[PDB]
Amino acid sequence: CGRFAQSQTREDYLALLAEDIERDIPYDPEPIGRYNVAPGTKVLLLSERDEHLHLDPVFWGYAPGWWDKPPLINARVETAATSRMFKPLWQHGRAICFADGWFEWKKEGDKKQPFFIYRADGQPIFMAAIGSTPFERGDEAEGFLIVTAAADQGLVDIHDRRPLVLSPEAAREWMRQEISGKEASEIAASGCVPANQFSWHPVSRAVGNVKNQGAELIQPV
């Protein structure tokens, strides 16, 4: 899940999670309009602080000063709560990245075919994220990562990993500051949306190039 789509209005996503009284997010009717969201860009990221939901543009990627590699973009759910690197983000930096769906490339010989993956019921997805707070500082090295899970049932046909997607109710509980890291692991386990709830279809190979941003990139070929 190193690319996804985040194209609808803020309200299209937020309406499933919280009413205005729970937000500290200015109203904006403009569609976010991103059909091809890539690592290293800032991405609108949802989190909870001061008992309200906030939406900040956060660097997709995580590379601390002692990190000598390209920034990581994913954290494995099997070990993130335990990892020396990720445990602090699991404790303090939980967030939600909402999206329309995500892209994965199925390797077929030496060729790669992209797929777009989305909820069969038409709802947006709420991907579990962890990252470096305070999110609102706009850091360009220590941002957020998307938590991954082992691909299950049908998704294994495309790729061996998938984003950890939470139900709207679990997404809300995941973001709460007053729940512990062990509570968050319970929420991740019980709130995970199973693979049977997703559909997918091949898309244009044009999505490979981050310059391309058209609505057609999520349409079937």
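From 1 onward, residues are counted along the sequence shown.
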* Asked: Between 62-70 and 184-192, which has the larger average Cα B-factor in the PDB entry?
  -> 62-70
* To do: Output the stretch having the higher mean C-alpha B factor in the entry; the candidates are 44-52 and 169-177.
  => 169-177
* Member of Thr79, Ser132, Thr148, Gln123 with the greatest C-alpha B factor (per the PDB record) -> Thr79
* Asked: Checking the entry, which one of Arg94, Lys107, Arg119, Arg137 has the top C-alpha B factor?
  -> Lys107
* **CA B-factor placement of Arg34, once the chain's modelled residues are sorted into thirds** => lowest
* Relative to the other modelled residues in the chain, which third contains the C-alpha temperature factor of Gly2: lowest, middle or highest? -> middle
* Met127: which third of its chain by C-alpha temperature factor? -> lowest
* **Chain thirds of CA B-factor: placement of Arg205** => middle
* Structure fact -> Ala141: C-alpha B-factor third of its chain, per the entry, is the middle
